[PDB]
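In the block that follows, a single chain appears as structure tokens, in the form deposited in one PDB entry.
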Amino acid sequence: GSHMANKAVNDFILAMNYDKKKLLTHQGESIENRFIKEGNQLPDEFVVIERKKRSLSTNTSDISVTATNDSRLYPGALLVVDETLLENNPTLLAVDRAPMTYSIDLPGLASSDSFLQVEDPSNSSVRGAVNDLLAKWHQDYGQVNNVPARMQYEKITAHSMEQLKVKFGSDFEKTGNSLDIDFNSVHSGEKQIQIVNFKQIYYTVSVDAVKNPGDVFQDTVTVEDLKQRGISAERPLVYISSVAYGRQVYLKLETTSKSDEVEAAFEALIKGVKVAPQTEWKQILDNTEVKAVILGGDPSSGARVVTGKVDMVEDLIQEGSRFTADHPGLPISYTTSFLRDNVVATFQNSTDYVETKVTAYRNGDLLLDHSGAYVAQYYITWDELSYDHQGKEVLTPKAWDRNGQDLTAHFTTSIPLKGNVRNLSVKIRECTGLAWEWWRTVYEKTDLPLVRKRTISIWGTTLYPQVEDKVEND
């Protein structure tokens, strides 16, 4: 080989000066500052909506991969540092490449056989070498022993698609396509959506550090071949220094409860909490549907998109949990170091998103039973809560349109009361039929708690009226 060509290439790369942080900075969406407080009425409940500005920013050397069959993502590959790397759509610098040895971490292997030497690094060559050793490890230790996988849990509330790609990588968009996340329904304040990512790592494959940038090419590669491909200081080289292989699950939790503890119940499901027969957690969990994308779940190297109830969550967690080398698994994350100095490439990703949090107030009924031997009058008032879009509480006075009207037994009515009713007050008086005290208050309460039904029953006589206030808050 022509030593002088490999000498020039090597100096060409060591001479590259560039700002690492600017090349790896990815900014998503800028949005004008926001704040809304919107009450919305629904058939059985009144919902208070909040919408604010937040931003998610992550410094990440770990690149997650959705891609089932990408040939560019093998350990030791050379990727170009440009805008397509930021989107996990890397330009592959495919030239004549020097041999490389990898180190693989699997249980109960001699560390000499933890090394795999490849003549010509390519996705075809490394998987071919890794599979050769997985087959031997499987018979001596895989089928023979019980090896757990390394599990990892990341969760986040779904608010925007750009916000999800900051959390889960720019490639998340494809996986998001399948999960049929609908943010319109989240912004409408009606639904709450969590996204869960599950990794089960079977093994990692890594390369030693590179002592000279020229060490990765054969002597045939020339500086002009690199310049021919647009390689320069503005557009420099990086190499994949480790790849995690295994199985992973992207999972959507979609529900219509607006409860405080939707997050707590969702957390409880992920932790494996044996949730209790009539919590509110179980009420919302039995109104939650689950969509899941599964990568590398079975001997078939492919992607499964499934729909089901939350009972499906325990079973998806568990099938990949144990690693025999029956299945090689697929690349689930990888790391890149600069060729020039082996510094790890760390991406600074950020975006603005509209955060929508939500409150619910259930609607109530007020039942009135008048079976008394007297004319009775009801005085029922309340306030209905609304928000000026500045954002403060506004109370508007309301009254029952039958207030002050003489009522006789047997009277029965039901007054529906929306979830925005505040300060319910109720006064019942009855005619005694004699001067000096003609009306006699039978019942008077202020600021009654908004409750699902309330039954106020009056009976008895003009001189001896009785009252019953019955409540059943569920």
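In this text, the rigid core denotes the largest set of C-alpha atoms whose superposition between the two forms falls within 1.5 Å. Numbers follow the displayed sequence, beginning with 1.
Here the subject shifts to the form deposited in another entry, a form of this protein not shown in this document.
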query	finding
Listed options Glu234, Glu83, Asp225, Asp140; Cα moving by 2 angstroms or more between the shown form and the other one (core superposition)	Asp140
CA of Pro99, rigid core aligned, shift of 2 Å or more between the shown form and the other one	no
Per-residue C-alpha change between the shown form and the other one, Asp447, threshold 2 Å, rigid core fit	no
Flag for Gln318, CA shift 2 Å or larger between the shown form and the other one after aligning core	no
